[PDB]
Structure formats: C-alpha cells, structure tokens
Amino acid sequence: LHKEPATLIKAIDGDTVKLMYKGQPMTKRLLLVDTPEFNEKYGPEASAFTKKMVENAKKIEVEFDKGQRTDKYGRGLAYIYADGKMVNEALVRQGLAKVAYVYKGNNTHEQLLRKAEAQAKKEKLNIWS
Ligand SMILES: Cc1cn([C@H]2C[C@H](OP(=O)(O)O)[C@@H](COP(=O)(O)O)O2)c(=O)[nH]c1=O
Ligand SMILES: [Ca+2]
C-alpha cells in the first residue's frame with residue numbers, strides 16, 4: 001500500500017472526515033473500524049478524538065487498500081494518517097472504535113488493528129469499560 005497526500009477540509013465524526021484528495025472534496029470513511037454515532041455512548045468522545053488528531057496534524061495522508069476504494073454512498077474507503085500515525089489504529093487502541101466491516105480484500109491492517117483492540121479491551125478502555 002502507498003500513502004498519498006491529502007488536506008483536511010472538515011472533521012465529521014469518529015470515523016469519517018472530509019478531505020481534499022487529488023484536488024476534489026471527498027468524505028473518507030475509515031477502513032476496518034466502527035465508532036459509535038455522535039448520539040450514542042462514547043460517540044462524542046470518538047468524534048472529538050478524531051477531530052483533534054486530524055486538526056492538529058501538519059501532514060495528513062490517505063492509504064487505500066487492495067479492494068474497493070469507494071463505498072455505496074460514494075465515501076472513500078481508506079486508512080488515514082496524521083503525522084505518520086494511523087487514525088484507524090489509534091481509535092481502536094483507545095477503545096473508541098471496534099474493529100468492524102472486515103471485508104475480504106480490504107483487510108491489510110486487520111491484524112494490526114485487532115492487536116490494538118486486544119490491548120484496549122485488556123485495559124478496559126472506554127467502550128470496553
Ligand atoms: C467501513 C465500510 C463501510 N461500508 C458500508 C457498510 C454499511 O452499509 P449500511 O449503511 O447499509 O449499513 C455502512 C456503515 O457505515 P457507517 O458505520 O458510517 O454507518 O457503510 C462499506 O461498504 N465498506 C466499508 O469498508
Ligand atoms: Ca460508525
């Protein structure tokens with residue numbers, strides 16, 4: 001996989017962000033994770049965590065997996081990096097997202113994320129508390 005440049009347009013919620021990618025505005029949905037909706041428990045914390053991560057970043061990168069790059073809603077499916085740190089993994093490590101939506105073909109970082117989820121659950125963090 002390769003990292004490609006993008007710039008933040010707007011934080012949306014815990015697992016979606018609006019970025020400018022190849023010069024077009026696009027809503028990116030984070031691969032392999034599920035954050036609670038803003039209206040559910042830890043939803044506001046997940047949105048806040050992602051917002052901080054992307055808004056503080058000096059460099060945001062998008063990394064597509066091997067499979068489909070857009071979902072049925074037209075959202076980009078990607079791993080997103082903020083100054084080299086993966087947002088998807090960070091949310092999971094903090095117990096603010098579950099590993100989820102693991103489809104054959106877009107799952108290169110599954111093991112990495114499940115490893116994070118295990119540590120988060122061990123520490124009884126947030127969703128696991
Ligand atoms: C993460 C991801 C979600 N999706 C679709 C599945 C779900 O369809 P449904 O909307 O019919 O349930 C939806 C969940 O996204 P959200 O968690 O943002 O609601 O996004 C994909 O198709 N591929 C993916 O990799
Ligand atoms: Ca969600």
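Excluded from the calculations below are hydrogen atoms, water molecules and symmetry mates; all remaining heavy atoms, backbone and side chain alike, are included. Start at 1 with the first residue, then count along the sequence. One-based numbering, in listed order, for ligands and for the atoms of each.
- Taking any N or O of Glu37, backbone or side chain, none lies under 3.5 Å from an N or O belonging to ligand 1.
- The closest side-chain donor-acceptor pair between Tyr101 and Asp34, if any, does not fall under 3.5 angstrom.
- Rounded to 10°, the angle formed at the Ca ion (ligand 2) by OD2 of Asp15 and O of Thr35 is 90°.
- Between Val92 and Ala120, the shortest heavy-atom distance links the atoms O-CB, 3.2 Å.
- Remark: minimum distance from atom 12 (O) of ligand 1 to any protein heavy atom is reached at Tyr101 OH, 4.6 Å.
- Counting only non-hydrogen atoms, the option in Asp71, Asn107, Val102, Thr16 that gets closest to atom 21 (C) of ligand 1 is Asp71.
- No hydrogens or angles considered: nothing links the side chains of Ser129 and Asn126 as a donor-acceptor pair under 3.5 Å.
- Ion pairing between a basic and an acidic side chain is recognised when a charged N comes within 4.0 Å of a carboxylate O; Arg93 and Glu123 show such pairing.
- Checked by distance only, ligand 1 and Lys72 come closer than 3.5 Å through their nitrogen or oxygen atoms.
- Of the charged side-chain nitrogens involved, none lies within less than 4.0 Å of a carboxylate oxygen, so that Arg29 and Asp71 do not count as a salt-bridged pair.
- Residue contacts with ligand 1, taken as heavy atom pairs separated by less than 4.0 Å, involve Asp34 solely via side-chain atoms from C-beta onward.
- When distances to the Ca ion (ligand 2) are checked against a cut-off of 3.0 Å, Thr16 contributes no N, O or S atom below that limit.
- Across all their heavy atoms, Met53 and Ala82 have their closest contact at O-CB, 3.5 Å.
- No N or O atom of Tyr103 sits closer than 3.5 Å to an N or O atom of ligand 1.
- Angle subtended at the Ca ion (ligand 2) by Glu37 OE2 and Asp34 OD1: 120°, rounded to 10 degrees.
- Heavy atoms of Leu77 approach ligand 1 to within less than 4.0 angstrom.
- Within the 3.0 Å limit, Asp13 places no N, O or S atom next to the Ca ion (ligand 2).
- Scanning the protein for heavy atoms near atom 17 (O) of ligand 1, the closest one is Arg29 NH2, 2.9 Å.
- For the 3.5 Å distance criterion, the side chains of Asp13 and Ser47 fail to qualify, holding no donor opposite an acceptor.
- Contact of the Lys98 side chain with the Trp128 side chain is registered, since non-hydrogen atoms from C-beta on lie closer than 4.5 Å.
- An N or O contact shorter than 3.5 Å links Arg75 to ligand 1 by distance.
- In summary, the atoms of ligand 1 found under 4.0 Å from a heavy atom of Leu31, numbered by their order in the structure, are 25 (O).
- Nearest protein neighbour of atom 10 (O) of ligand 1, counting heavy atoms only, is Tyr73 OH, 2.7 Å.
- Seen from the ring of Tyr81, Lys59 does not count as a face-on cation partner, given the 6.0 Å and 45° thresholds.
- Not a single donor-acceptor pair under 3.5 Å links the side chain of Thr70 to the backbone N or O of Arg75.
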